[PDB]
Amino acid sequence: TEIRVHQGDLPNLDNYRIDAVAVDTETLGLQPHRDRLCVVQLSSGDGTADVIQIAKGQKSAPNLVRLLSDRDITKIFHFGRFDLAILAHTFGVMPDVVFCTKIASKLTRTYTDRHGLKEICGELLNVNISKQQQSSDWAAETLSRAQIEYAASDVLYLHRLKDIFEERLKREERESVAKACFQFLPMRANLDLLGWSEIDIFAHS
């Protein structure tokens, strides 16, 4: 399993001249104003991954941000609500062409109440995600092999999941529903950063 580990940014975009990129992040926690971005993971879907260690106080990552800014490239996330918030807060660019496998699961896997990435990968791909390293020191100068493998596992399968969810959205005629949810998702992430992270803005109460 080829995983390329980088410091600060991708060295170039030679592996990402593609129409969709799988994206994930690791941080010191769930609160972007307190918990810094530590790792950004990328995959083109070819079974390899890039793991980028982000330094404390790092303000720019030009190659990564070019991908995030590129309207011709769909950014694939699992629960992108979080990744979009921490990426936009750290580097100042909010992606606006996105696909989220958790929203897609909630719109299609109506026969289960389990929408986590581990459960999705098990059902749709018979792929086992191990979450032991999800809670680890992601700010460590040197990531362990277990950490690097876990981080890559979050992007290695998102293209395959998106293809299956797209089939399900088409079958149940929910494509326009999903598109509108993905269109609002960057603003849902912005609402979190602005102070509404605990509020369903559409609820009656």
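Throughout, we count residues from 1 along the sequence that is shown.
Relative to one another, 70-78 and 99-107 have unequal mean CA B-factors, and 70-78 is the one with the higher figure. Stretches 172-180 and 53-61 differ in mean CA B factor, with 53-61 having the higher one.
Per the PDB entry, 13 shows the highest C-alpha temperature factor of the residues 23, 193, 13, 187.
Residue 130: CA B factor lies in the highest third for its chain, per the PDB record.
When the modelled residues of the chain are ordered by C-alpha B-factor, residue 37 sits in the middle third. Ranked within its chain, residue 164 lands in the lowest third, by CA B factor from the PDB record.
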